[PDB]
$ cat protein39.json   # JSON, N, CA, C and O atoms
[["chain", "number", "residue", "atom", "x", "y", "z"],
["A", 1, "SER", "N", 139.25, 105.90, 49.22],
["A", 1, "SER", "CA", 139.16, 106.87, 50.34],
["A", 1, "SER", "C", 139.24, 106.14, 51.67],
["A", 1, "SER", "O", 138.34, 105.39, 52.03],
["A", 2, "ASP", "N", 140.33, 106.35, 52.39],
["A", 2, "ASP", "CA", 140.56, 105.66, 53.65],
["A", 2, "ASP", "C", 140.87, 106.65, 54.77],
["A", 2, "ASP", "O", 141.33, 106.25, 55.84],
["A", 3, "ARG", "N", 140.62, 107.93, 54.52],
["A", 3, "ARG", "CA", 140.83, 108.95, 55.55],
["A", 3, "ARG", "C", 140.01, 108.62, 56.79],
["A", 3, "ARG", "O", 138.78, 108.49, 56.72],
["A", 4, "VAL", "N", 140.69, 108.49, 57.91],
["A", 4, "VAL", "CA", 140.06, 108.03, 59.13],
["A", 4, "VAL", "C", 139.29, 109.14, 59.82],
["A", 4, "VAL", "O", 139.45, 110.32, 59.52],
["A", 5, "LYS", "N", 138.44, 108.74, 60.76],
["A", 5, "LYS", "CA", 137.58, 109.67, 61.46],
["A", 5, "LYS", "C", 137.66, 109.39, 62.96],
["A", 5, "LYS", "O", 137.13, 108.39, 63.44],
["A", 6, "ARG", "N", 138.35, 110.26, 63.68],
["A", 6, "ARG", "CA", 138.55, 110.08, 65.10],
["A", 6, "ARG", "C", 137.76, 111.10, 65.91],
["A", 6, "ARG", "O", 137.43, 112.17, 65.40],
["A", 7, "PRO", "N", 137.43, 110.77, 67.17],
["A", 7, "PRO", "CA", 136.75, 111.69, 68.07],
["A", 7, "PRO", "C", 137.71, 112.72, 68.66],
["A", 7, "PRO", "O", 138.84, 112.40, 69.01],
["A", 8, "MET", "N", 137.25, 113.96, 68.77],
["A", 8, "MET", "CA", 138.06, 115.04, 69.30],
["A", 8, "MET", "C", 137.14, 116.02, 70.03],
["A", 8, "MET", "O", 135.92, 115.89, 69.94],
["A", 9, "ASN", "N", 137.70, 116.96, 70.77],
["A", 9, "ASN", "CA", 136.89, 117.95, 71.48],
["A", 9, "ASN", "C", 136.17, 118.90, 70.50],
["A", 9, "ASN", "O", 136.43, 118.88, 69.29],
["A", 10, "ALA", "N", 135.33, 119.75, 71.06],
["A", 10, "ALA", "CA", 134.43, 120.62, 70.32],
["A", 10, "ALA", "C", 135.08, 121.38, 69.16],
["A", 10, "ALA", "O", 134.55, 121.35, 68.04],
["A", 11, "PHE", "N", 136.20, 122.06, 69.39],
["A", 11, "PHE", "CA", 136.79, 122.95, 68.38],
["A", 11, "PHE", "C", 137.02, 122.22, 67.06],
["A", 11, "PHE", "O", 136.59, 122.68, 65.99],
["A", 12, "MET", "N", 137.68, 121.08, 67.14],
["A", 12, "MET", "CA", 137.99, 120.31, 65.95],
["A", 12, "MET", "C", 136.73, 119.72, 65.35],
["A", 12, "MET", "O", 136.55, 119.74, 64.13],
["A", 13, "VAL", "N", 135.84, 119.25, 66.21],
["A", 13, "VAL", "CA", 134.57, 118.67, 65.78],
["A", 13, "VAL", "C", 133.81, 119.62, 64.88],
["A", 13, "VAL", "O", 133.44, 119.27, 63.77],
["A", 14, "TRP", "N", 133.60, 120.84, 65.37],
["A", 14, "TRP", "CA", 132.85, 121.84, 64.63],
["A", 14, "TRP", "C", 133.57, 122.15, 63.33],
["A", 14, "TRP", "O", 132.94, 122.41, 62.31],
["A", 15, "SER", "N", 134.90, 122.09, 63.36],
["A", 15, "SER", "CA", 135.69, 122.39, 62.18],
["A", 15, "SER", "C", 135.47, 121.32, 61.11],
["A", 15, "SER", "O", 135.24, 121.64, 59.94],
["A", 16, "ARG", "N", 135.51, 120.06, 61.51],
["A", 16, "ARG", "CA", 135.37, 118.95, 60.58],
["A", 16, "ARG", "C", 133.92, 118.75, 60.18],
["A", 16, "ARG", "O", 133.61, 118.63, 58.99],
["A", 17, "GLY", "N", 133.04, 118.75, 61.17],
["A", 17, "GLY", "CA", 131.63, 118.51, 60.92],
["A", 17, "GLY", "C", 131.00, 119.58, 60.05],
["A", 17, "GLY", "O", 130.37, 119.27, 59.04],
["A", 18, "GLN", "N", 131.17, 120.84, 60.44],
["A", 18, "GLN", "CA", 130.60, 121.95, 59.69],
["A", 18, "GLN", "C", 131.18, 122.00, 58.29],
["A", 18, "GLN", "O", 130.46, 122.24, 57.32],
["A", 19, "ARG", "N", 132.49, 121.76, 58.17],
["A", 19, "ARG", "CA", 133.14, 121.75, 56.87],
["A", 19, "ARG", "C", 132.51, 120.67, 55.99],
["A", 19, "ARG", "O", 132.32, 120.87, 54.80],
["A", 20, "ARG", "N", 132.17, 119.53, 56.58],
["A", 20, "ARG", "CA", 131.57, 118.43, 55.84],
["A", 20, "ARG", "C", 130.14, 118.78, 55.44],
["A", 20, "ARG", "O", 129.80, 118.78, 54.24],
["A", 21, "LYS", "N", 129.29, 119.09, 56.42],
["A", 21, "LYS", "CA", 127.87, 119.30, 56.16],
["A", 21, "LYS", "C", 127.64, 120.50, 55.25],
["A", 21, "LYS", "O", 126.85, 120.43, 54.31],
["A", 22, "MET", "N", 128.35, 121.59, 55.50],
["A", 22, "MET", "CA", 128.19, 122.80, 54.71],
["A", 22, "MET", "C", 128.74, 122.63, 53.30],
["A", 22, "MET", "O", 128.14, 123.10, 52.35],
["A", 23, "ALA", "N", 129.86, 121.94, 53.15],
["A", 23, "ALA", "CA", 130.46, 121.77, 51.82],
["A", 23, "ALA", "C", 129.54, 120.98, 50.90],
["A", 23, "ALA", "O", 129.55, 121.17, 49.68],
["A", 24, "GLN", "N", 128.75, 120.07, 51.48],
["A", 24, "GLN", "CA", 127.84, 119.26, 50.69],
["A", 24, "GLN", "C", 126.52, 119.99, 50.42],
["A", 24, "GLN", "O", 125.92, 119.83, 49.36],
["A", 25, "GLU", "N", 126.09, 120.80, 51.38],
["A", 25, "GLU", "CA", 124.80, 121.49, 51.28],
["A", 25, "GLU", "C", 124.94, 122.84, 50.57],
["A", 25, "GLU", "O", 124.07, 123.23, 49.79],
["A", 26, "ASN", "N", 126.03, 123.54, 50.83],
["A", 26, "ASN", "CA", 126.35, 124.76, 50.10],
["A", 26, "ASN", "C", 127.75, 124.65, 49.49],
["A", 26, "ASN", "O", 128.74, 125.09, 50.06],
["A", 27, "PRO", "N", 127.81, 124.04, 48.29],
["A", 27, "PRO", "CA", 129.06, 123.58, 47.66],
["A", 27, "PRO", "C", 130.16, 124.63, 47.55],
["A", 27, "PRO", "O", 131.34, 124.31, 47.73],
["A", 28, "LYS", "N", 129.79, 125.88, 47.29],
["A", 28, "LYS", "CA", 130.78, 126.91, 47.00],
["A", 28, "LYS", "C", 131.48, 127.41, 48.27],
["A", 28, "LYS", "O", 132.35, 128.28, 48.20],
["A", 29, "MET", "N", 131.11, 126.86, 49.41],
["A", 29, "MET", "CA", 131.87, 127.07, 50.64],
["A", 29, "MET", "C", 132.45, 125.74, 51.09],
["A", 29, "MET", "O", 131.71, 124.82, 51.45],
["A", 30, "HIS", "N", 133.77, 125.64, 51.06],
["A", 30, "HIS", "CA", 134.44, 124.34, 51.16],
["A", 30, "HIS", "C", 135.95, 124.49, 51.31],
["A", 30, "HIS", "O", 136.69, 123.51, 51.24],
["A", 31, "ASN", "N", 136.39, 125.71, 51.54],
["A", 31, "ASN", "CA", 137.80, 126.03, 51.54],
["A", 31, "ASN", "C", 138.13, 127.01, 52.67],
["A", 31, "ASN", "O", 137.46, 127.01, 53.71],
["A", 32, "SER", "N", 139.17, 127.81, 52.48],
["A", 32, "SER", "CA", 139.63, 128.76, 53.48],
["A", 32, "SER", "C", 138.52, 129.70, 53.95],
["A", 32, "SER", "O", 138.55, 130.16, 55.09],
["A", 33, "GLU", "N", 137.53, 129.98, 53.10],
["A", 33, "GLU", "CA", 136.47, 130.91, 53.49],
["A", 33, "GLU", "C", 135.65, 130.30, 54.63],
["A", 33, "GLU", "O", 135.34, 130.98, 55.61],
["A", 34, "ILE", "N", 135.36, 129.01, 54.52],
["A", 34, "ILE", "CA", 134.77, 128.26, 55.62],
["A", 34, "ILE", "C", 135.64, 128.36, 56.87],
["A", 34, "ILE", "O", 135.13, 128.53, 57.98],
["A", 35, "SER", "N", 136.95, 128.29, 56.68],
["A", 35, "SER", "CA", 137.88, 128.34, 57.81],
["A", 35, "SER", "C", 137.80, 129.70, 58.49],
["A", 35, "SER", "O", 137.92, 129.81, 59.71],
["A", 36, "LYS", "N", 137.56, 130.74, 57.69],
["A", 36, "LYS", "CA", 137.47, 132.10, 58.20],
["A", 36, "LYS", "C", 136.13, 132.28, 58.91],
["A", 36, "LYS", "O", 136.06, 132.89, 59.98],
["A", 37, "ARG", "N", 135.09, 131.71, 58.32],
["A", 37, "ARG", "CA", 133.75, 131.76, 58.89],
["A", 37, "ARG", "C", 133.73, 131.10, 60.27],
["A", 37, "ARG", "O", 133.32, 131.71, 61.25],
["A", 38, "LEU", "N", 134.20, 129.86, 60.33],
["A", 38, "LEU", "CA", 134.13, 129.07, 61.55],
["A", 38, "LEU", "C", 134.91, 129.71, 62.69],
["A", 38, "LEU", "O", 134.45, 129.70, 63.84],
["A", 39, "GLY", "N", 136.07, 130.27, 62.39],
["A", 39, "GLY", "CA", 136.85, 130.95, 63.41],
["A", 39, "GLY", "C", 136.10, 132.13, 63.99],
["A", 39, "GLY", "O", 136.05, 132.32, 65.21],
["A", 40, "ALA", "N", 135.48, 132.92, 63.11],
["A", 40, "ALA", "CA", 134.69, 134.07, 63.53],
["A", 40, "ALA", "C", 133.46, 133.62, 64.30],
["A", 40, "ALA", "O", 133.12, 134.19, 65.34],
["A", 41, "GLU", "N", 132.80, 132.58, 63.80],
["A", 41, "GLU", "CA", 131.58, 132.08, 64.43],
["A", 41, "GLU", "C", 131.89, 131.49, 65.80],
["A", 41, "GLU", "O", 131.07, 131.57, 66.72],
["A", 42, "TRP", "N", 133.07, 130.90, 65.93],
["A", 42, "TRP", "CA", 133.52, 130.32, 67.20],
["A", 42, "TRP", "C", 133.65, 131.39, 68.27],
["A", 42, "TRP", "O", 133.27, 131.18, 69.42],
["A", 43, "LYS", "N", 134.19, 132.55, 67.90],
["A", 43, "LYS", "CA", 134.38, 133.63, 68.85],
["A", 43, "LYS", "C", 133.04, 134.19, 69.32],
["A", 43, "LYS", "O", 132.90, 134.64, 70.45],
["A", 44, "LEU", "N", 132.04, 134.14, 68.44],
["A", 44, "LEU", "CA", 130.71, 134.62, 68.76],
["A", 44, "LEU", "C", 129.78, 133.46, 69.14],
["A", 44, "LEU", "O", 128.56, 133.58, 69.04],
["A", 45, "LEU", "N", 130.37, 132.36, 69.59],
["A", 45, "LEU", "CA", 129.62, 131.15, 69.92],
["A", 45, "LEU", "C", 128.58, 131.41, 71.00],
["A", 45, "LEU", "O", 128.90, 131.91, 72.08],
["A", 46, "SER", "N", 127.33, 131.08, 70.69],
["A", 46, "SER", "CA", 126.27, 131.13, 71.68],
["A", 46, "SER", "C", 126.12, 129.77, 72.35],
["A", 46, "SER", "O", 126.23, 128.74, 71.68],
["A", 47, "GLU", "N", 125.86, 129.77, 73.65],
["A", 47, "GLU", "CA", 125.79, 128.54, 74.45],
["A", 47, "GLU", "C", 124.84, 127.49, 73.86],
["A", 47, "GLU", "O", 125.05, 126.29, 74.06],
["A", 48, "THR", "N", 123.82, 127.92, 73.14],
["A", 48, "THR", "CA", 122.88, 126.99, 72.52],
["A", 48, "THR", "C", 123.59, 126.13, 71.48],
["A", 48, "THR", "O", 123.23, 124.97, 71.26],
["A", 49, "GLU", "N", 124.61, 126.69, 70.85],
["A", 49, "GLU", "CA", 125.38, 125.99, 69.84],
["A", 49, "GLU", "C", 126.51, 125.17, 70.48],
["A", 49, "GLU", "O", 127.14, 124.36, 69.80],
["A", 50, "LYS", "N", 126.77, 125.42, 71.76],
["A", 50, "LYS", "CA", 127.78, 124.66, 72.50],
["A", 50, "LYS", "C", 127.46, 123.15, 72.51],
["A", 50, "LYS", "O", 128.34, 122.33, 72.30],
["A", 51, "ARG", "N", 126.19, 122.80, 72.75],
["A", 51, "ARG", "CA", 125.83, 121.38, 72.86],
["A", 51, "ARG", "C", 126.08, 120.58, 71.56],
["A", 51, "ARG", "O", 126.62, 119.47, 71.64],
["A", 52, "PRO", "N", 125.73, 121.08, 70.35],
["A", 52, "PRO", "CA", 125.97, 120.34, 69.11],
["A", 52, "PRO", "C", 127.44, 120.11, 68.80],
["A", 52, "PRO", "O", 127.77, 119.28, 67.96],
["A", 53, "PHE", "N", 128.33, 120.82, 69.48],
["A", 53, "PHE", "CA", 129.76, 120.52, 69.39],
["A", 53, "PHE", "C", 129.99, 119.09, 69.83],
["A", 53, "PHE", "O", 130.72, 118.33, 69.20],
["A", 54, "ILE", "N", 129.31, 118.73, 70.90],
["A", 54, "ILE", "CA", 129.52, 117.45, 71.53],
["A", 54, "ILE", "C", 128.72, 116.39, 70.78],
["A", 54, "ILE", "O", 129.17, 115.25, 70.61],
["A", 55, "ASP", "N", 127.54, 116.79, 70.32],
["A", 55, "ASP", "CA", 126.63, 115.88, 69.62],
["A", 55, "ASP", "C", 127.20, 115.51, 68.25],
["A", 55, "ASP", "O", 127.13, 114.36, 67.83],
["A", 56, "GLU", "N", 127.77, 116.51, 67.56],
["A", 56, "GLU", "CA", 128.43, 116.28, 66.28],
["A", 56, "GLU", "C", 129.59, 115.30, 66.49],
["A", 56, "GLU", "O", 129.82, 114.41, 65.67],
["A", 57, "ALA", "N", 130.30, 115.46, 67.62],
["A", 57, "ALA", "CA", 131.38, 114.56, 67.99],
["A", 57, "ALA", "C", 130.89, 113.13, 68.16],
["A", 57, "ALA", "O", 131.57, 112.18, 67.76],
["A", 58, "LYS", "N", 129.71, 112.98, 68.75],
["A", 58, "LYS", "CA", 129.12, 111.66, 68.95],
["A", 58, "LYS", "C", 128.87, 110.97, 67.61],
["A", 58, "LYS", "O", 129.07, 109.77, 67.47],
["A", 59, "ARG", "N", 128.45, 111.76, 66.63],
["A", 59, "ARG", "CA", 128.23, 111.26, 65.28],
["A", 59, "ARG", "C", 129.55, 110.91, 64.61],
["A", 59, "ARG", "O", 129.63, 109.95, 63.83],
["A", 60, "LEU", "N", 130.60, 111.67, 64.92],
["A", 60, "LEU", "CA", 131.93, 111.37, 64.40],
["A", 60, "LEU", "C", 132.43, 110.04, 64.94],
["A", 60, "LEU", "O", 133.04, 109.24, 64.21],
["A", 61, "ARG", "N", 132.17, 109.78, 66.21],
["A", 61, "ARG", "CA", 132.55, 108.52, 66.82],
["A", 61, "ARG", "C", 131.73, 107.38, 66.23],
["A", 61, "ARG", "O", 132.19, 106.24, 66.14],
["A", 62, "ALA", "N", 130.50, 107.70, 65.82],
["A", 62, "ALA", "CA", 129.65, 106.73, 65.14],
["A", 62, "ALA", "C", 130.22, 106.40, 63.77],
["A", 62, "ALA", "O", 130.14, 105.26, 63.31],
["A", 63, "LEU", "N", 130.81, 107.39, 63.13],
["A", 63, "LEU", "CA", 131.49, 107.19, 61.86],
["A", 63, "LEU", "C", 132.71, 106.32, 62.06],
["A", 63, "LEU", "O", 133.17, 105.66, 61.13],
["A", 64, "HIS", "N", 133.23, 106.32, 63.27],
["A", 64, "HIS", "CA", 134.39, 105.52, 63.57],
["A", 64, "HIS", "C", 134.00, 104.05, 63.74],
["A", 64, "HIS", "O", 134.76, 103.15, 63.35],
["A", 65, "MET", "N", 132.82, 103.80, 64.30],
["A", 65, "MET", "CA", 132.35, 102.43, 64.50],
["A", 65, "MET", "C", 131.80, 101.85, 63.21],
["A", 65, "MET", "O", 131.60, 100.64, 63.09],
["A", 66, "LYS", "N", 131.53, 102.72, 62.23],
["A", 66, "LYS", "CA", 131.14, 102.27, 60.89],
["A", 66, "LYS", "C", 132.30, 101.57, 60.18],
["A", 66, "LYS", "O", 132.12, 100.94, 59.15],
["A", 67, "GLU", "N", 133.50, 101.73, 60.73],
["A", 67, "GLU", "CA", 134.68, 101.07, 60.21],
["A", 67, "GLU", "C", 134.95, 99.81, 61.03],
["A", 67, "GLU", "O", 134.35, 99.62, 62.09],
["A", 68, "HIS", "N", 135.84, 98.95, 60.55],
["A", 68, "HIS", "CA", 136.15, 97.70, 61.24],
["A", 68, "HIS", "C", 136.60, 97.98, 62.67],
["A", 68, "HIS", "O", 137.28, 98.98, 62.94],
["A", 69, "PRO", "N", 136.23, 97.11, 63.62],
["A", 69, "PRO", "CA", 136.61, 97.27, 65.02],
["A", 69, "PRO", "C", 138.08, 96.97, 65.26],
["A", 69, "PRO", "O", 138.82, 96.64, 64.33],
["A", 70, "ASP", "N", 138.50, 97.04, 66.52],
["A", 70, "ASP", "CA", 139.89, 96.82, 66.88],
["A", 70, "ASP", "C", 140.17, 95.32, 67.06],
["A", 70, "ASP", "O", 141.08, 94.93, 67.79],
["A", 71, "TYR", "N", 139.36, 94.50, 66.40],
["A", 71, "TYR", "CA", 139.49, 93.04, 66.46],
["A", 71, "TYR", "C", 140.92, 92.63, 66.08],
["A", 71, "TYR", "O", 141.40, 92.92, 64.99],
["A", 72, "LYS", "N", 141.59, 91.96, 67.01],
["A", 72, "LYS", "CA", 143.01, 91.68, 66.87],
["A", 72, "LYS", "C", 143.28, 90.24, 66.47],
["A", 72, "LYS", "O", 142.38, 89.53, 66.01],
["A", 73, "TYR", "N", 144.53, 89.84, 66.64],
["A", 73, "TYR", "CA", 144.98, 88.52, 66.24],
["A", 73, "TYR", "C", 144.19, 87.44, 66.94],
["A", 73, "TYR", "O", 144.18, 87.35, 68.17],
["A", 74, "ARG", "N", 143.48, 86.66, 66.14],
["A", 74, "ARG", "CA", 142.73, 85.50, 66.60],
["A", 74, "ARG", "C", 143.56, 84.64, 67.56],
["A", 74, "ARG", "O", 144.76, 84.48, 67.38],
["A", 75, "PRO", "N", 142.90, 84.06, 68.58],
["A", 75, "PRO", "CA", 143.57, 83.19, 69.56],
["A", 75, "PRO", "C", 144.11, 81.93, 68.89],
["A", 75, "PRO", "O", 145.25, 81.53, 69.12],
["A", 76, "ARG", "N", 143.27, 81.30, 68.07],
["A", 76, "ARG", "CA", 143.66, 80.15, 67.27],
["A", 76, "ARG", "C", 142.87, 80.15, 65.97],
["A", 76, "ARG", "O", 143.45, 80.06, 64.89],
["A", 77, "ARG", "N", 141.55, 80.26, 66.07],
["A", 77, "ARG", "CA", 140.71, 80.38, 64.89],
["A", 77, "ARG", "C", 139.73, 81.55, 65.07],
["A", 77, "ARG", "O", 139.44, 81.95, 66.20],
["A", 78, "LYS", "N", 139.24, 82.09, 63.97],
["A", 78, "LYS", "CA", 138.22, 83.13, 64.03],
["A", 78, "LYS", "C", 137.13, 82.85, 63.00],
["A", 78, "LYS", "O", 137.42, 82.58, 61.83],
["A", 79, "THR", "N", 135.89, 82.92, 63.44],
["A", 79, "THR", "CA", 134.74, 82.64, 62.59],
["A", 79, "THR", "C", 134.24, 83.92, 61.92],
["A", 79, "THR", "O", 133.05, 84.09, 61.65],
["A", 80, "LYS", "N", 135.17, 84.82, 61.65],
["A", 80, "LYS", "CA", 134.88, 86.06, 60.94],
["A", 80, "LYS", "C", 136.14, 86.51, 60.24],
["A", 80, "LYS", "O", 136.60, 87.64, 60.40],
["A", 81, "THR", "N", 136.72, 85.60, 59.47],
["A", 81, "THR", "CA", 138.00, 85.84, 58.83],
["A", 81, "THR", "C", 137.84, 86.70, 57.58],
["A", 81, "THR", "O", 138.36, 87.83, 57.57]]
$ encode --input "protein39.json" --output "structure tokens"
Amino acid sequence: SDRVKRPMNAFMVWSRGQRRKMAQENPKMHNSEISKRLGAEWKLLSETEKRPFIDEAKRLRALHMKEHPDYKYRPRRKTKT
């Protein structure tokens, strides 16, 4: 499994994050029905839920740093080969 995890604005974040957390916690929702739910829930979005869009994104970026950094071609030698 090498599917990458990039930071994005609220809409995508809630789509990916909710799909992840809900699919694991309530297994039988994990497909198009989730997609239908989230779209509907988005239209009825309450401002209190606005903030976790951004916070969930912060965790997604944390998932990104859990992977190897952008460490590039060593100058001559690298003590982390």
$ atom_distance --input "protein39.json" --atom1 "CA of residue 29 (chain A)" --atom2 "CA of residue 56 (chain A)"
19.3 Å
$ atom_distance --input "protein39.json" --atom1 "atom C of residue 49 (chain A)" --atom2 "atom O of residue 64 (chain A)"
24.6 Å
$ atom_distance --input "protein39.json" --atom1 "CA of residue 72 (chain A)" --atom2 "CA of residue 57 (chain A)"
25.7 Å
$ closest_residue --input "protein39.json" --among "A:80, A:20, A:63, A:44" --to "residue 3 (chain A)" --atoms "only N, CA, C and O atoms"
A:63
$ closest_residue --input "protein39.json" --among "A:27, A:15, A:9, A:75" --to "residue 40 (chain A)" --atoms "only C-alpha atoms"
A:15
$ decode --input "protein39.json" --residues "region 9-39 of chain A" --atoms "N, CA and C atoms" --output "PDB file, in the first residue's frame"
ATOM      1  N   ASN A   9      -7.947  21.403   0.507  1.00  0.00           N
ATOM      2  CA  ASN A   9      -8.935  22.217   1.213  1.00  0.00           C
ATOM      3  C   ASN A   9     -10.050  21.352   1.816  1.00  0.00           C
ATOM      4  N   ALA A  10     -10.917  22.007   2.567  1.00  0.00           N
ATOM      5  CA  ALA A  10     -11.959  21.368   3.368  1.00  0.00           C
ATOM      6  C   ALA A  10     -12.766  20.288   2.635  1.00  0.00           C
ATOM      7  N   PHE A  11     -13.287  20.591   1.442  1.00  0.00           N
ATOM      8  CA  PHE A  11     -14.217  19.671   0.764  1.00  0.00           C
ATOM      9  C   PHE A  11     -13.614  18.281   0.600  1.00  0.00           C
ATOM     10  N   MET A  12     -12.408  18.235   0.068  1.00  0.00           N
ATOM     11  CA  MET A  12     -11.734  16.970  -0.172  1.00  0.00           C
ATOM     12  C   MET A  12     -11.358  16.315   1.147  1.00  0.00           C
ATOM     13  N   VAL A  13     -10.888  17.127   2.087  1.00  0.00           N
ATOM     14  CA  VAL A  13     -10.497  16.642   3.403  1.00  0.00           C
ATOM     15  C   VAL A  13     -11.619  15.858   4.055  1.00  0.00           C
ATOM     16  N   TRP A  14     -12.787  16.477   4.142  1.00  0.00           N
ATOM     17  CA  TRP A  14     -13.934  15.845   4.768  1.00  0.00           C
ATOM     18  C   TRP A  14     -14.310  14.582   4.011  1.00  0.00           C
ATOM     19  N   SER A  15     -14.108  14.601   2.699  1.00  0.00           N
ATOM     20  CA  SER A  15     -14.440  13.457   1.873  1.00  0.00           C
ATOM     21  C   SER A  15     -13.526  12.276   2.200  1.00  0.00           C
ATOM     22  N   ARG A  16     -12.232  12.546   2.299  1.00  0.00           N
ATOM     23  CA  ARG A  16     -11.247  11.503   2.543  1.00  0.00           C
ATOM     24  C   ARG A  16     -11.251  11.084   4.008  1.00  0.00           C
ATOM     25  N   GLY A  17     -11.231  12.072   4.894  1.00  0.00           N
ATOM     26  CA  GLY A  17     -11.174  11.811   6.318  1.00  0.00           C
ATOM     27  C   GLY A  17     -12.388  11.067   6.825  1.00  0.00           C
ATOM     28  N   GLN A  18     -13.578  11.588   6.523  1.00  0.00           N
ATOM     29  CA  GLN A  18     -14.815  10.957   6.967  1.00  0.00           C
ATOM     30  C   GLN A  18     -14.953   9.566   6.374  1.00  0.00           C
ATOM     31  N   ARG A  19     -14.591   9.420   5.101  1.00  0.00           N
ATOM     32  CA  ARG A  19     -14.647   8.120   4.448  1.00  0.00           C
ATOM     33  C   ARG A  19     -13.740   7.132   5.178  1.00  0.00           C
ATOM     34  N   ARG A  20     -12.588   7.605   5.641  1.00  0.00           N
ATOM     35  CA  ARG A  20     -11.646   6.755   6.356  1.00  0.00           C
ATOM     36  C   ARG A  20     -12.184   6.393   7.739  1.00  0.00           C
ATOM     37  N   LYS A  21     -12.473   7.407   8.550  1.00  0.00           N
ATOM     38  CA  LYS A  21     -12.861   7.182   9.938  1.00  0.00           C
ATOM     39  C   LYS A  21     -14.176   6.410  10.039  1.00  0.00           C
ATOM     40  N   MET A  22     -15.150   6.771   9.217  1.00  0.00           N
ATOM     41  CA  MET A  22     -16.447   6.108   9.243  1.00  0.00           C
ATOM     42  C   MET A  22     -16.372   4.688   8.703  1.00  0.00           C
ATOM     43  N   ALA A  23     -15.587   4.459   7.660  1.00  0.00           N
ATOM     44  CA  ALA A  23     -15.492   3.120   7.077  1.00  0.00           C
ATOM     45  C   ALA A  23     -14.905   2.123   8.072  1.00  0.00           C
ATOM     46  N   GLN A  24     -14.036   2.602   8.949  1.00  0.00           N
ATOM     47  CA  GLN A  24     -13.409   1.740   9.943  1.00  0.00           C
ATOM     48  C   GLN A  24     -14.302   1.556  11.170  1.00  0.00           C
ATOM     49  N   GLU A  25     -15.045   2.598  11.523  1.00  0.00           N
ATOM     50  CA  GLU A  25     -15.876   2.581  12.726  1.00  0.00           C
ATOM     51  C   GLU A  25     -17.268   2.013  12.443  1.00  0.00           C
ATOM     52  N   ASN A  26     -17.822   2.342  11.288  1.00  0.00           N
ATOM     53  CA  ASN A  26     -19.076   1.748  10.833  1.00  0.00           C
ATOM     54  C   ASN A  26     -18.875   1.119   9.455  1.00  0.00           C
ATOM     55  N   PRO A  27     -18.399  -0.136   9.450  1.00  0.00           N
ATOM     56  CA  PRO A  27     -17.876  -0.820   8.253  1.00  0.00           C
ATOM     57  C   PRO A  27     -18.810  -0.816   7.044  1.00  0.00           C
ATOM     58  N   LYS A  28     -20.111  -0.945   7.279  1.00  0.00           N
ATOM     59  CA  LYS A  28     -21.060  -1.124   6.184  1.00  0.00           C
ATOM     60  C   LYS A  28     -21.344   0.182   5.439  1.00  0.00           C
ATOM     61  N   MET A  29     -20.712   1.262   5.871  1.00  0.00           N
ATOM     62  CA  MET A  29     -20.710   2.500   5.107  1.00  0.00           C
ATOM     63  C   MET A  29     -19.284   2.802   4.674  1.00  0.00           C
ATOM     64  N   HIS A  30     -19.046   2.755   3.369  1.00  0.00           N
ATOM     65  CA  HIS A  30     -17.680   2.715   2.841  1.00  0.00           C
ATOM     66  C   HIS A  30     -17.657   2.870   1.326  1.00  0.00           C
ATOM     67  N   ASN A  31     -18.793   3.232   0.763  1.00  0.00           N
ATOM     68  CA  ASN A  31     -18.958   3.257  -0.677  1.00  0.00           C
ATOM     69  C   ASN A  31     -19.765   4.485  -1.099  1.00  0.00           C
ATOM     70  N   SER A  32     -20.467   4.370  -2.222  1.00  0.00           N
ATOM     71  CA  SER A  32     -21.249   5.466  -2.773  1.00  0.00           C
ATOM     72  C   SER A  32     -22.253   6.040  -1.766  1.00  0.00           C
ATOM     73  N   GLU A  33     -22.724   5.232  -0.814  1.00  0.00           N
ATOM     74  CA  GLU A  33     -23.710   5.728   0.139  1.00  0.00           C
ATOM     75  C   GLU A  33     -23.076   6.799   1.022  1.00  0.00           C
ATOM     76  N   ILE A  34     -21.841   6.552   1.448  1.00  0.00           N
ATOM     77  CA  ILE A  34     -21.044   7.566   2.128  1.00  0.00           C
ATOM     78  C   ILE A  34     -20.916   8.816   1.259  1.00  0.00           C
ATOM     79  N   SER A  35     -20.725   8.617  -0.041  1.00  0.00           N
ATOM     80  CA  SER A  35     -20.561   9.735  -0.961  1.00  0.00           C
ATOM     81  C   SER A  35     -21.844  10.561  -1.026  1.00  0.00           C
ATOM     82  N   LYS A  36     -22.981   9.878  -0.904  1.00  0.00           N
ATOM     83  CA  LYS A  36     -24.278  10.532  -0.955  1.00  0.00           C
ATOM     84  C   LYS A  36     -24.518  11.264   0.363  1.00  0.00           C
ATOM     85  N   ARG A  37     -24.136  10.616   1.460  1.00  0.00           N
ATOM     86  CA  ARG A  37     -24.261  11.203   2.789  1.00  0.00           C
ATOM     87  C   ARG A  37     -23.464  12.495   2.888  1.00  0.00           C
ATOM     88  N   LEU A  38     -22.182  12.422   2.552  1.00  0.00           N
ATOM     89  CA  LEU A  38     -21.280  13.556   2.716  1.00  0.00           C
ATOM     90  C   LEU A  38     -21.707  14.755   1.878  1.00  0.00           C
ATOM     91  N   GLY A  39     -22.171  14.508   0.658  1.00  0.00           N
ATOM     92  CA  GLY A  39     -22.655  15.590  -0.179  1.00  0.00           C
ATOM     93  C   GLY A  39     -23.839  16.296   0.448  1.00  0.00           C
TER      94      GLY A  39
END
